[PDB]
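What follows is a pair of forms of the same protein chain, given separately as structure tokens and numbered structure 1 and structure 2.
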Structure 1
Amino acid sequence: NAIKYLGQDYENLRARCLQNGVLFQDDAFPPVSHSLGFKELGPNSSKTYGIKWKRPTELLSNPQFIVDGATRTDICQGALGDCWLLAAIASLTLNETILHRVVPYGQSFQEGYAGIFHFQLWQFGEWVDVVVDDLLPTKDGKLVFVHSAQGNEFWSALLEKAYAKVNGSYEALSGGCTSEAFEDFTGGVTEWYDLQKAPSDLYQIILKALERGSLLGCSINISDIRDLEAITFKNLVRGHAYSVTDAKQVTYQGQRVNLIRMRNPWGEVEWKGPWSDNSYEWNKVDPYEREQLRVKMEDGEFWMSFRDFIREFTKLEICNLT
């Protein structure tokens, strides 16, 4: 059994709120500016000024904790520099077992609802249960930070809030290391690869990692400072964490081509080179591979050849589960 962060007891708090006819408000991470941040999201900042804390049950008639699965499309970054955390959550969803350790089953906005949710994280050398109230930062009725493509879905928003909580505030999340998020979801072992020095068996390493349900993400280090833009010529975002979500081989004009699939945690802004959703390359693979693999959609997720991936990106991080 997970130990209670700060002694806060999810089921006890929930049953007591329901008995008392109230919705939970979290003393440990209250719905006030200090839970947003301290500087950029401080009490005297532009960003903070627009923000009102509202429950999904105040936003919508039918809020849902999970809709059509807890899946990577549910992870669409908002106005916070927490790409590294969101990339890890999207990777997490590909491993159903570790997903539902972090995201306990049986949580909802209907029967037993008392405005409190909980998540489990690997923190302080312990698996910890973390509670949150479901007050969320909103502006003009819309979530400011993470949201799902499914606008009535709230699990990822609540998980991001619980992760903010353990780190002190949402602002505390602005900038970080994907592998740090991977570890907090697994207690696993992280390693990283310098892609300009990729071992010759790197594609097999990625294949095996994905098969065992390890978490993988990737990034392009901005080397000069940002002095060729943040967005590259072929629509990649530098210094930005992407989730690695698949690796598959296609037969391209009778020749095997190793592909890798990645996802921008923005849920949009995709690679425009070979194997991108609209690329010609797909005209030349057999129709069955093309239909299994290519999804023509602005969803943040796209394919690159492994060759192009290693030239464009600089760093792969892999968290292996023990």
Structure 2
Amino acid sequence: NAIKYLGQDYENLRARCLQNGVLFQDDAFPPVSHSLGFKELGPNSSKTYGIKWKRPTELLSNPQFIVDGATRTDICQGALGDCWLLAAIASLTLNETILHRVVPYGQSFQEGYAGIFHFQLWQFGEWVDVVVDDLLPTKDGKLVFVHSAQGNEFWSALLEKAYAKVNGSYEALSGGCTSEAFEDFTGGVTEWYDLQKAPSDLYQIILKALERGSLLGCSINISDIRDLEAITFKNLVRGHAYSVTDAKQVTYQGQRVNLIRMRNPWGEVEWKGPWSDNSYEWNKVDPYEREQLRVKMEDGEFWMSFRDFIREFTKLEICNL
């Protein structure tokens, strides 16, 4: 159904490992120092001290590939600057067709387990099947890189590992563009919008894009490297990729106001201005709209008015199907 990346056939390798009663060891990505990195995640980096590569079966008694669906809450960034990738994975979960292309069925830690997992990505104008063993970087029994809000869920950790494999190391994923990951999941071309010169119908473009299941992301541009990952006063993170997850209207002070929802791939650190989780604006909207849209939780997800969105964020990335 897809091209076998590096000649590695999932079905055949899984069958050979299951029948012989052995766990898969990926010869294309060894569980070593080079696979972590060379500088930021190099052997001399403090972030790598004490890292041990362990399979999820060694971490807890009941490891699961997917728990309560493969959703955006399953994407919580670790000790790596791969927000671009993670923002893309979070956006990917909002479209069932794209999610089920990238993450194949029948993968688990119970029946059919052989220490091997696979994902499908778009590479060189075609879908490719990438395999990985389940040895993941851990420190004191906890995942160092991406993890789920659900402690025993490992799909997102394994997808990020597949990306690290394709790119050579986990560090090769530090610093990038959301656009590339969007393209790796759809085979489309991402369009950039300058929010300082935003077209008059941008909200309508966003609404139609989200309804079709397109992948959307946003960020605040930086001029220098020292202001990278810097926090704004209203708690937004600069030079950091966010996933745009919804766009809905609410009745506020007798008028229908345009709102937009985004998610920080850290799974925490949210906007604290108007329309934020604990903001007073929600008290003035009717009970139903309040209960359907607002979720008071430190989950990385929040709402902003479209007026504030275009004043704060500087770039919007939309990848259509």
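Shifts are known only where both forms have a C-alpha. Along the sequence of structure 1, residues get numbers from 1 upward. Definition used throughout: the rigid core is the maximal C-alpha set that superposes within 1.5 Å between two forms.
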Subject >> Sole member of 223, 251, 196, 204 with a C-alpha shift of at least 2 Å between structure 1 and structure 2 (core-superposed) >> reply: 223
Original post:
Against the rigid core, is the Cα displacement of residue 31 between structure 1 and structure 2 at least 2 Å?
Top reply: no
Original post:
Taking the rigid core as reference, does residue 48 move its C-alpha 2 Å or further between structure 1 and structure 2?
Top reply: yes
**OP:** Let me know the CA shift of residue 22 between structure 1 and structure 2 in Å, rounded to one decimal, core fitted.
**Re:** 1.0
Original post:
Fitted on the core, where are the consecutive stretches (at least 3 residues) whose C-alpha atoms all shift 2 Å or more between structure 1 and structure 2?
Top reply: 42-49, 223-229
